[PDB]
Amino acid sequence: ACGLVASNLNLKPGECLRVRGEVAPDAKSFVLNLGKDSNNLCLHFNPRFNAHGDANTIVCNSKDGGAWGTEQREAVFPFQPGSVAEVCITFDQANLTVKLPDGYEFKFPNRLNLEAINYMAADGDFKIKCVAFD
Ligand SMILES: OC[C@H]1O[C@@H](O[C@@H]2[C@@H](CO)O[C@](O)(CO)[C@H]2O)[C@H](O)[C@@H](O)[C@H]1O
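For each chain, numbering begins from 1 and proceeds through the sequence as written. The entry may number the same residues differently, and residues missing coordinates are not shown. As a convention, hydrogens and water are excluded, and side-chain values are obtained from all of the structure's heavy atoms.

**A closer look at the site of the ligand**
Residues are labelled near a given molecule or strand when at least one of their non-hydrogen atoms is within 4 Å of it. Contacts to the ligand come from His 44, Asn 46, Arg 48, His 52, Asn 61, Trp 68, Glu 71 and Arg 73. Whenever a nitrogen or oxygen atom comes within 3.5 Å of another N or O atom, the pair is scored as a polar contact, on the condition that within protein one atom can donate a hydrogen and the other can accept it, and that pairs from neighbouring residues in sequence are kept only if both atoms are in side chains. Within the side chain of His 44, an N or O atom sits 2.7 Å from an oxygen atom of the ligand. The separation between an oxygen atom of the ligand and a polar side-chain atom of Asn 61 is 3.0 Å. The helix and strand labels rest on DSSP assignments: H or I over at least four residues marks a helix, E over at least two residues marks a strand, and numbering proceeds from the N terminus. Looking at the shell around the ligand, the element that brings in the most residues is strand β4 (residues 40-51), giving three residues. Side-chain classes are defined by residue name, with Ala, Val, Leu, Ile, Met, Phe, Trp, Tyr, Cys and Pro counting as nonpolar, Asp, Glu, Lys and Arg as charged, and the others, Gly among them, as polar. Residue composition of the shell around the ligand, grouped by class: one nonpolar, four polar and three charged.

**Observations concerning unusual backbone geometry**
Located in the positive-phi region is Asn 10, a residue other than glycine, with phi close to 50°. Among the secondary structure elements, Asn 10 is positioned in strand β1 (residues 5-11). Of the residues examined, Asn 10 reaches a relative accessible area of 38% and is grouped as partly exposed. Positioned with a positive phi, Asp 102 is a non-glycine residue whose angle comes to about 55°. Looking at where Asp 102 falls in the secondary structure, it is placed in the loop between β9 (95-99) and β10 (105-109). The exposure class of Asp 102 is exposed, given its relative accessible area of 64%. Relative accessibility thresholds used throughout: buried, under 20% of the residue-type maximum; exposed, over 50%; partly exposed, between the two (1.4 Å probe, protein chains only).

**A closer look at the UniProt feature "domain: Galectin" in the protein**
UniProt feature "domain: Galectin": in the numbering of this structure it lies at residues 3-134. Secondary structure within residues 3-134 divides into 0% helix and 62% strand; the distance between the first and last C-alpha atoms comes to 23 Å. UniProt positions are given in the numbering used here, feature names are shortened, and annotations may be inferred rather than shown by experiment.

**A closer look at the environment of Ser 83**
Inspection of the secondary structure puts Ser 83 in the loop between β7 (72-73) and β8 (84-91). Each C-alpha atom, one on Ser 83 and one on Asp 64, is 33 Å from the other, the two residues being 19 residues apart in sequence. Only heavy atoms enter the contact rule, under which two residues are in contact if any of them lie within 4.5 Å. Once you skip the residues sitting within four places of it in the chain, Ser 83 turns out to touch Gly 21, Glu 22 and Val 23. At a separation of 2.7 Å, a polar atom in the side chain of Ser 83 contacts the main-chain carbonyl oxygen of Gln 80.

**A word on the side chain of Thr 97**
Looking at the secondary structure, you find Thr 97 in strand β9. There is a polar contact of 2.8 Å between the side chain of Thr 97 and the side chain of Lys 107. Excluding residues within four positions of it along the chain, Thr 97 makes contact with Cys 88, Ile 89, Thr 90, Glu 105, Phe 106 and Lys 107.

**What about the sheet that holds strand β2 (residues 17-23)?**
The sheet built from five strands is open, its strands ordered β10-β9-β8-β2-β12 with antiparallel pairing. If you trace the sheet from one side to the other, it starts and ends with β10 and β12 (126-132), each paired once. Strand after strand, the sheet turns through a mean of 25° between neighbouring axes, direction not considered. Here six bridges tie β2 to β12, and the two strands are oriented antiparallel to one another. Within the sheet, the bridge partner assigned to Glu 22 lies in β12 and is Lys 127. Any two strands with at least two DSSP-identified bridges between them are counted as paired. In this analysis an axis means a line fitted to C-alpha atoms, helices contributing only their contacting stretch, and an angle means the value between N-to-C directions, from 0 to 180 degrees.

Laid out in structure tokens, this is it:
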């Protein structure tokens, strides 16, 4: 929406998407959206430093045909304003697996059953420096 948008990713099950960026010193929130297109997201990954009444909370959701799913939140927040952070994402039929800094890993249910992740879009206070596949 403001940041990098990539399409035709063809990321297949078990393949790793690695994204490294700079978290702004006064960051309020950033977003990585993954799926088919802007209306169909198997993962909306939204670390909220200070946004929507939330503080240092990772908010996740899906979007299916334009409709937001049921939000999920993690207890941990291994992001620091003003530092570099790497996020590594893979999926299978059941879950997306998101690996974060400081060894933290979590799963978010795969609610869309897409054949591949073809679309990624970044937004907010996170300046993408490197994106890789494998
Ligand atoms: O669910 C992902 C989306 O959440 C929205 O914010 C939600 C508000 C509506 O503003 O209702 C809540 O569930 C109450 O806390 C918020 O999480 C964001 O506006 C979207 O950008 C997106 O993150």
